[PDB]
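*Asks:*
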Amino acid sequence: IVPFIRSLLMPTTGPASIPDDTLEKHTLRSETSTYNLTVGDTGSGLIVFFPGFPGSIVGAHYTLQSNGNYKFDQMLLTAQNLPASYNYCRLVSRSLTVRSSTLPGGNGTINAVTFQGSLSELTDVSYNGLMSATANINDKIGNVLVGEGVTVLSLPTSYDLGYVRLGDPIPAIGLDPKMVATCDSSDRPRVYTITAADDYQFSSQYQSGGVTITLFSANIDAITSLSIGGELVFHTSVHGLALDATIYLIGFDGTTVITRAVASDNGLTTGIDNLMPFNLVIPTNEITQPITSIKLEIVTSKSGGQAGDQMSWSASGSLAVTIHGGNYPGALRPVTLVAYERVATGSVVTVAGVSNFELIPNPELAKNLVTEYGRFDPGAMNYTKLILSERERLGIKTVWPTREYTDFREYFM
Amino acid sequence: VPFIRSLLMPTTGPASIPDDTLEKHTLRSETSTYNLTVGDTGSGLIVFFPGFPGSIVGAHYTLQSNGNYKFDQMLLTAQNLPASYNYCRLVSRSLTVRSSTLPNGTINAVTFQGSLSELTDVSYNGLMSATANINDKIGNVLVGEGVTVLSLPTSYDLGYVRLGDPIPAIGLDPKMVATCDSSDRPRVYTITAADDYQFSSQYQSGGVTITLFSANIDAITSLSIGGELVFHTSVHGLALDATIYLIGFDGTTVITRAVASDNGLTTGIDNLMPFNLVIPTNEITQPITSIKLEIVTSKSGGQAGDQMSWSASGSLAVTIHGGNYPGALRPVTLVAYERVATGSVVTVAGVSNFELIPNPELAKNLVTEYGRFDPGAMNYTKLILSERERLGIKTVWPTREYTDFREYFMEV
Amino acid sequence: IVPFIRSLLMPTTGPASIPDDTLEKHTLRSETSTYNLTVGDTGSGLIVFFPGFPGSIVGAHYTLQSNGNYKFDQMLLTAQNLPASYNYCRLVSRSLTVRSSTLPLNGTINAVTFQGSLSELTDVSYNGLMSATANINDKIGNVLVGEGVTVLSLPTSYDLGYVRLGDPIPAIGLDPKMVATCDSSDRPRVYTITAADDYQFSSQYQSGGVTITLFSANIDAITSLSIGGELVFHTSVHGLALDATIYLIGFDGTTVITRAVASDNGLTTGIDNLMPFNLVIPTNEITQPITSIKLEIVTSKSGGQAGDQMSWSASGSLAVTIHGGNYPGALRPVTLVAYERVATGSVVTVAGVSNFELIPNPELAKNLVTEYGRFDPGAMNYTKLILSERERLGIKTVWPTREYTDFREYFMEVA
Amino acid sequence: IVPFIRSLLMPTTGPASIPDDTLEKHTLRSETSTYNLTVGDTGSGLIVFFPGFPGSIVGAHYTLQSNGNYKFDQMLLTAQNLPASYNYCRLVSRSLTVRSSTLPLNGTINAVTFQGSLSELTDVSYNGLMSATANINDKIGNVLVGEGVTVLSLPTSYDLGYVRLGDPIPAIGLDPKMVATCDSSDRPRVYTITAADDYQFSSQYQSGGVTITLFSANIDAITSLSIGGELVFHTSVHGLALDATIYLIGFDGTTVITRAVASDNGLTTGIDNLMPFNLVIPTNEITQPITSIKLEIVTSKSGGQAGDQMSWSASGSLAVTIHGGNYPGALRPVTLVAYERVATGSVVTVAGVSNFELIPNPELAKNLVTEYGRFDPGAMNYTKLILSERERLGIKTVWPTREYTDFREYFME
Ligand SMILES: [Ca+2]
Ligand SMILES: [Ca+2]
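Okay, here's the thing in structure tokens:
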């Protein structure tokens, strides 16, 4: 059969060019992913996969703790870091399997679902709640035995997608040995607009150390670089007030991933528009785990203050959070969650997969890597469209009990 | 071929676009129904955004005796799509405009390939020249018979657009608003407001105000304004106040933002005035068609004779989020009416068809799919459009003719 | 051409037997509906149709008042009252047109077919109606009143049973106002209201008893219903007595039926005080469609001390049974035709036809022959094919009359 | 291949419209069911399934206790609560698998499909179940728990009407605990109990009153029901008062619901003393399936003293109405899956799919399109043919999972 269809439904067989109209000279590659994750003491956990991610980020593993909160374990990537060798990329196909491979010195089920939004948009991430994230029967699978395993297959979220910049490093020199410079995924940014205050009235008695408040908290999604811009305007009738403002980017496990000062001892002048601008740039290397929320903290203070003293101000303002390349299909959505429970503590949950890409090499590699437009295959796209339209009749799933996927592979070959 | 049917006869329902943008989606039809009231001049203008990917369908303006237009209201779909969906693509759309009441009149309509503020003439007769395409203009149709606006493609293989849906958020402010906006394909305007511009004037209690510039730009949904102005001065004690105004098609101020407040200028130094503005969609009450910057110069302890002066250089960048997404700002279809009896009702009725992706809550009960495979649908669409002139497929029609066209199609 | 499809799509042509498996000896009849309704001073109104109603009730007309409330005008029925001549019935097909016929261009109509019953609509405004359904072929907007709209009844299931019509039964009584009927009953609709689950009431007295509305709920009824169940009261205060009244409210907010449930029911301390509901509301008492039910309870202590604390705790569930209410077409679906900007005093004209399968009452049976009805081998499959291609064929439940007329021509040519 | 037959025999592949004459505009949905049940200390238990239930109730789990009694564990439902989003429903197809997934080889399963409702079973022991039916294709014995059993729902009539889901209706009340719904009602089941026909009661006084259980009867209820009727009492003795209570008992012997029918009802001599029944038991109050009803009557003599005679004669009938009880699938049939010898603490995993034809509630109707559904000329005939050849084809209601799997292959080819 058509090579692309083969690649699409059976990624582990290798790559093939997407039969669309995005004619770029490129090269084809397969990157494997292999992880042996350890089960925590509740025997429950969650793996978040970004099936359509155009690059080396495959997912993240979280363990569920006794207190009911998740805790970040680690990212799941490809064998090598693509940005080190390539500058542009497009995802061709991908599949990963998750199954237990071990038992601790002398158990378990999986629920999985493919959600059409991004991580922070899920309304329920519990083992059982997941089963309702989507209404599509072929995008959910329940109570599969961990030992048999589940297979996650990436299905398209649009074709004729452009190539994505990989966040490759660029030629640069600096005084700081820690300096970092890259060209990021940017085309198709996602933008969140937050009006944190519209004549919001703040009022409180002085207090040594200042009074702190969290003006707002909002769910947003970010895996790679983002920028935060905009401004808050403050009004006050009180003399001697100074502000300290800090933005926090929170991870899926509730921990603080990034903190940035926005205002430091910003004094407020009476009867005037006090401007507090935001000029934040958060680079990818600082994001240690997926960001799922953003909150603003403001600390109001008065230097020569006394117990009882009045500190008050009114504020108005909007921020814009720009996730570079955030709306590129596959970059933040969709998400495939694989949850496991009742697995013996200390067991090994093994992840193994392949990702196939269309790539454009970086300058150094371009000297030795030939690139081409790729096999003309007249009916490949029509066939793909036919297959996907008949998705329900053919039973092509995004999540499968591995045994069934294997049977499906035979019935295909 | 369902797509062709939906495209040319939107009121029959939606169909998936036969392109290569394969996303699991659902198909929906949203109606638009309005009974607009005719002002005392008997003249008015309806501005339609034929390709708008979402719930905004147009805006109504009445023409006043003084010759200026006055904003009436927005024209939307029956329900607010962003409340139920996160992503969208326009499949097809058509709207009819005709008089339904007597308490007379004609219509001129045209489809302009730019955005609203780019039109050079918006008068009832002037519109007839906005385009050279005979199939994109229609003149003096009787208001009682009506006109039909049909949405024709401005590119396929367009991506799904974020709808400006609300995101989960909690804040101390009850008026707090948080959304994920239409962003892909931003439109960017760059304005160099000053390049060593010399300002000079004699003191004056209260300060001296100048409008540094005024420019035409278009915006319906969120936008941001960044950049900076740099000021130089040899005079001591000067302070600046600067404000940005976003103006509506009717000349009214829609939005004001302080950019500088009592910003004092130091001598022999680069005085920086940054712009960090974000204008959310909920604040835009009517389409924005221009932007202007105001600077007020002042000297606190000054006396007559004192000379106020500074030199400035600087550039701003106005980013209209998702502004260049085809259909978001351009094209525009204008339907103008005149000589209609005052107090009459101009009735608008239409259908909008979309490919949509449900929000998280609705996704729990709404099944999404890739959509019928129809091998020759795109080729047939391309053939029809290339023979557009020979087939007479218009973007604006005298309704009677559109109706005949519908019959001649269902019988072919 | 298959008579049934012809009847279904063009009801005014006459009846035909439903090609299903409900083989009963019956007769076929057509009842017309004709009304000249008057437009109120706001120029806005609403006609509610019960497109699938198995009997003579076609709809109800309401005018919109200056204050924003609707006001009941009258019921729309068939030329004759079917229950007076027949005992059983099945709806075959039905169509109605609504248009302005007089002048004292003066108006628009929005119409929609909702898959629930009247009280379940979330928005009944002229423009809100456009969203009641997502089906593009079950809604129509801003049609000129002079051209008009056509309501076409599409099936909500076949192989439906015959419905009892609410015919009079032989009876004699001392009361001249006595009424006895055999009612539509198969497939009742049942609403269960747990009005209170240890609800705590405590109120200051007030002359005449402190009155509260324990609860209010949306329910639908056009014909007889019964209300059963019981409330159990507990109290530590002596001398309290309760008055309870069930109220059945119309779509216009007016009280349609009121029934005493408790009258001077005294409450004994430290004991389960029982308040049973044994209500039967007969069809002839319902003057307009019911859209809500409320329980008013008046608590009184024997003294009469303005301000005297009153208290009791209550628990209970009531069951509201709408006889035959779940029979498809009896309460759902509903087709609403709203009009606005019509000149005050104009006449909105309604004209239609209802087709039925009927079983005559005893007296008429002596002269009306009944039969099983034409065998037509492919009629049901043809129907199913047509309905499954409903969107492709554009078969609507609401149409701009001009289009429906074109559709009829396009049909009589092929056949 | 007929989608409907595919759905019917292989529910996990998704829904299809029933090819009968109930032509309603509807939508099609699949709801999964996933449960990890824990085995008690006897290593024995019972799962009761309602294979044809038109809605979200799939079944109930009971553990067998050392004393030989069952104990209710929990209900087994679909992933989401259908009555919250839809108002009407029809069951298209359904299948569930039951197998052990953990070990802290242990155990066997016996399963049977009984044509009555739960309380009508004459024997619910692990081995007794094998006789509940004579149909060889509706019973299966000693399947290993590790391999598992598959319950397949087979029709109990077509051309069934849509069922009201017990959805909430718009209502407001003084009580925050107020509940109001439109219940499954078409085709009610009615039990008529003549509790007494001039029954003579006589007993010596006792401080506290004398208690008797006039009668006890097996009835079945899962959702709302009402009890009506009346008892008439006669007596020659002065000063007697009665207390009467109705108790609705669960399958495990526990009291699920209690209602006072008479409280301090005094008896007047030489007159007909009326004791009406006006009970309405809403669904939310039924915590587990009801399998019996009993009436308790406490006779007391106010000014009574030791030695006092107490007596009365009674006559009466009650009518218990189970709303929608006789709708095929609502109470009957029932499929019982029993397991024994399973290691205590093991997990018995349940995983299934339910397919429905539904009508959305008013809010969802604004965004969910409904249709009549694919015309498929021979689907019904093919279904009738298949079912008539049920024995020859070996189409079972309960299967050893391995065989069901083979059956699926033999069908897809
Ligand atoms: Ca393309
Ligand atoms: Ca039948």
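The listed protein sequences derive, respectively, from chains N, O, E and C.
Under the entry's author numbering, the residues of the first sequence are numbered 11 to 116, 121 to 427, in order.
Under the entry's author numbering, the residues of the second sequence are numbered 12 to 114, 121 to 429, in order.
Under the entry's author numbering, the residues of the third sequence are numbered 11 to 114, 120 to 430, in order.
Under the entry's author numbering, the residues of the fourth sequence are numbered 11 to 114, 120 to 428, in order.
All C-beta atoms, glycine included, are put in the ideal place defined by N, C-alpha and C.
#1: Taking only the alpha-carbon atoms, compute the straight-line gap between residue 20 (chain O) and residue 109 (chain E) and give it to the nearest angstrom.
#2: Let me know the secondary structure DSSP gives residue 187 (chain N) once reduced to three states.
#3: Give me the DSSP bridge partner(s) of residue 152 (chain N).
#4: Quick check on this structure: which residue in O:310, O:220, O:295, O:253 has the alpha carbon closest to the alpha carbon of residue 264 (chain O)?
#5: Can you find a CB in chain C that lies within less than 7 Å of the CB of residue 128 (chain N)?
#6: List in chain order: all unbroken beta strand (DSSP E) runs of 3+ residues lying wholly within the region 243-315 of chain O.
#7: Does any C-beta atom of chain C lie closer than 7 Å to the C-beta of residue 17 (chain O)?
#8: Report the neighbours of residue 245 (chain E) on chain C: residues whose CB is nearer than 8 Å to its CB, in chain order.
#9: For residue 142 (chain E), does the three-state DSSP call read helix, strand or coil?
#10: Name the chain O residues that come within less than 7 Å of residue 145 (chain E), Cβ to Cβ?
#11: Between the region 386-398 of chain C and chain E, which residues of the former have a C-beta closer than 8 Å to a C-beta of the latter?
#12: Is the beta carbon of residue 31 (chain N) within less than 6 Å of some heavy atom of ligand 1?
#13: Please confirm whether residue 205 (chain C) and residue 345 (chain C) have their CB atoms less than 7 Å apart.
#14: Inspect the beta-carbon positions of residue 158 (chain N) and residue 166 (chain N) and report whether they are closer than 7 Å.
#15: To the nearest angstrom, how far is it from the Cα of residue 242 (chain C) to the Cα of residue 341 (chain C)?
#16: Beta strand (DSSP E) containing residue 118 (chain O): first to last residue?
#17: I want to verify the contact list: residues of chain E whose CB lies under 7 Å from the CB of residue 362 (chain O), in sequence order.
#18: Specify the secondary structure class of residue 428 (chain C) as computed by DSSP and reduced to three states.
#19: Taking the beta strand (DSSP E) that residue 67 (chain O) falls in, what are its first and last residues?
#20: Check residue 195 (chain O) in the structure and name its three-state DSSP category.
#21: Beta strand (DSSP E) containing residue 401 (chain O): first to last residue?
#22: Thinking C-beta only, is residue 290 (chain C) closer than 7 Å to residue 277 (chain C)?
#23: Quick one, which of C:224, C:366, C:261, C:257 has its alpha-carbon nearest residue 416 (chain C)'s?
#24: Using a threshold of 6 Å, is the CB atom of residue 174 (chain O) nearer than that to any non-hydrogen atom of ligand 1?
#25: Quick check on residue 55 (chain E) - is its C-beta less than 7 Å from some C-beta in chain O?
#26: Using DSSP with H/G/I as helix, E/B as strand and the rest coil, what is residue 326 (chain C)?
#27: What does residue 168 (chain N) touch in chain O if you count any residue whose Cβ is under 8 Å from its own?
#28: Closer than 8 Å is the cut-off here; do at least three beta carbon pairs connect the region 209-227 of chain C with the region 224-233 of chain E?
#29: Taking 7 Å as the threshold (beta carbon to beta carbon), is residue 151 (chain N) in contact with chain C?
#30: Going by Cα to Cα distance, which pick from O:319, O:358, O:235, O:58 is closest to residue 308 (chain O)?
#31: My assumption, with CB atoms under 8 Å, is that residue 370 (chain N) sits in contact with residue 102 (chain N). Please give the rounded CB distance.
#32: What would DSSP say about residue 31 (chain O), mapped onto helix, strand or coil?
#33: Does residue 347 (chain C) come out as helix, strand or coil in the three-state DSSP assignment?
#34: Should residue 338 (chain N) go down as buried or exposed, given a rule of 16 or more other Cβ atoms within 10 Å for buried?
#35: Would a check of beta-carbon distances place residue 119 (chain E) closer than 7 Å to chain C?
#36: Run through DSSP, which three-state label would residue 134 (chain C) get?
*Replies:* On the basis of the coordinates in this document:
#1: Here residue 20 (chain O) refers to the residue found at position 9 of the second sequence. Here residue 109 (chain E) refers to the residue found at position 99 of the third sequence. Distance between the alpha carbons of residue 20 (chain O) and residue 109 (chain E) is about 26 Å.
#2: Residue mapping note: residue 187 (chain N) aligns to position 173 of the first sequence, counting from 1. Correct three-state label for residue 187 (chain N): coil.
#3: Indexing the first sequence from 1 puts residue 152 (chain N) at position 138. Partner(s): none; residue 152 (chain N) has no beta bridge.
#4: Position 247 of the second sequence, counted from the start, is the residue given in the question as residue 264 (chain O). With distances taken between Cα atoms, residue 264 (chain O) lies closest to O:310.
#5: Walking along the first sequence from the start, residue 128 (chain N) turns up at place 114. With 7 Å as the cut-off, residue 128 (chain N) does not count as an interface residue toward chain C.
#6: 255-265, 270-281, 288-296
#7: In the second sequence, the residue the question calls residue 17 (chain O) occupies position 6. Closer than 7 Å: no.
#8: Stepping through the third sequence from its first residue, residue 245 (chain E) is reached at position 230. Residues of chain C passing the Cβ test: 293, 294, 295.
#9: The count along the third sequence starts at 1 and reaches residue 142 (chain E) at position 127. Residue 142 (chain E) falls in the coil class under three-state DSSP.
#10: On the third sequence, residue 145 (chain E) is found 130 positions in, with the first residue counted as 1. Near residue 145 (chain E) (Cβ distances below 7 Å), the residues of chain O are 42, 44, 89.
#11: 386, 387, 388, 389, 390, 392
#12: Start at 1 with the first residue of the first sequence, and residue 31 (chain N) comes out as number 21. Because some heavy atom of ligand 1 lies under 6 Å away, the Cβ of residue 31 (chain N) counts as near it: yes.
#13: The residue labelled residue 205 (chain C) in the question sits at position 190 within the fourth sequence. The residue labelled residue 345 (chain C) in the question sits at position 330 within the fourth sequence. No.
#14: For this step, residue 158 (chain N) is matched to residue 144 along the first sequence. For this step, residue 166 (chain N) is matched to residue 152 along the first sequence. Against a cut-off of 7 Å, the Cβ pair of residue 166 (chain N) and residue 158 (chain N) comes out as no contact.
#15: The residue you call residue 242 (chain C) lines up with position 227 of the fourth sequence. The residue you call residue 341 (chain C) lines up with position 326 of the fourth sequence. If you take the alpha carbons of residue 242 (chain C) and residue 341 (chain C), they lie about 16 Å apart.
#16: Gap in chain O between 114 and 121; residue 118 (chain O) lies inside it and carries no coordinates.
#17: Along the second sequence, read from residue 1 onward, the residue named residue 362 (chain O) stands at position 345. Near residue 362 (chain O) (Cβ distances below 7 Å), the residues of chain E are 356.
#18: Residue numbering aside, residue 428 (chain C) sits at position 413 when the fourth sequence is read from its first letter. DSSP places residue 428 (chain C) in coil when its eight states are reduced to three.
#19: Residue numbering aside, residue 67 (chain O) sits at position 56 when the second sequence is read from its first letter. Looking at the DSSP string, the run of the beta strand (DSSP E) that includes residue 67 (chain O) is 67-74.
#20: Along the second sequence, read from residue 1 onward, the residue named residue 195 (chain O) stands at position 178. Strand.
#21: Taking the first residue of the second sequence as position 1, residue 401 (chain O) is located at position 384. From DSSP, residue 401 (chain O) is part of no beta strand (DSSP E) but of the alpha helix (DSSP H) over 394-403.
#22: Within the fourth sequence, the letter at position 262 stands for residue 277 (chain C). Within the fourth sequence, the letter at position 275 stands for residue 290 (chain C). Yes. Within cutoff.
#23: One-based indexing of the fourth sequence puts residue 416 (chain C) at position 401. Selected option, being the one with the closest Cα: C:366.
#24: For the purposes of this step, residue 174 (chain O) is identified with residue 157 of the second sequence, where counting begins at 1. Residue 174 (chain O): yes, Cβ under 6 Å from ligand 1.
#25: Position 45 of the third sequence holds residue 55 (chain E). By this cut-off, residue 55 (chain E) is not an interface position.
#26: Working through the fourth sequence from its first residue, we reach residue 326 (chain C) at position 311. Reduced to three states, the DSSP call for residue 326 (chain C) is strand.
#27: Position 154 of the first sequence holds residue 168 (chain N). Correct list: empty, because the minimum Cβ distance to chain O is about 13 Å.
#28: no
#29: Along the first sequence, one-based indexing puts residue 151 (chain N) at 137. Yes, its Cβ sits closer than 7 Å to a Cβ of chain C.
#30: Residue 308 (chain O) sits at position 291 when you count from the first residue of the second sequence. The residue with the shortest Cα to Cα distance from residue 308 (chain O) is O:235.
#31: In the first sequence, the residue the question calls residue 370 (chain N) occupies position 356. In the first sequence, the residue the question calls residue 102 (chain N) occupies position 92. About 4 Å separates the two Cβ atoms, so the contact holds.
#32: Position 20 of the second sequence, counted from the first residue, corresponds to residue 31 (chain O). If DSSP states are grouped into helix, strand and coil, residue 31 (chain O) belongs with coil.
#33: Counting from one through the fourth sequence, the residue named residue 347 (chain C) turns up at place 332. In the structure shown, residue 347 (chain C) sits in coil (DSSP, three-state: anything other than H, G, I, E or B).
#34: Reading the first sequence from its first residue, position 324 is the one you call residue 338 (chain N). So residue 338 (chain N) ends up on the buried side.
#35: Because chain E is numbered from 114 directly to 120, the model contains no atoms for residue 119 (chain E).
#36: Against the fourth sequence, residue 134 (chain C) aligns to sequence position 119. Residue state, collapsed to three classes: helix.
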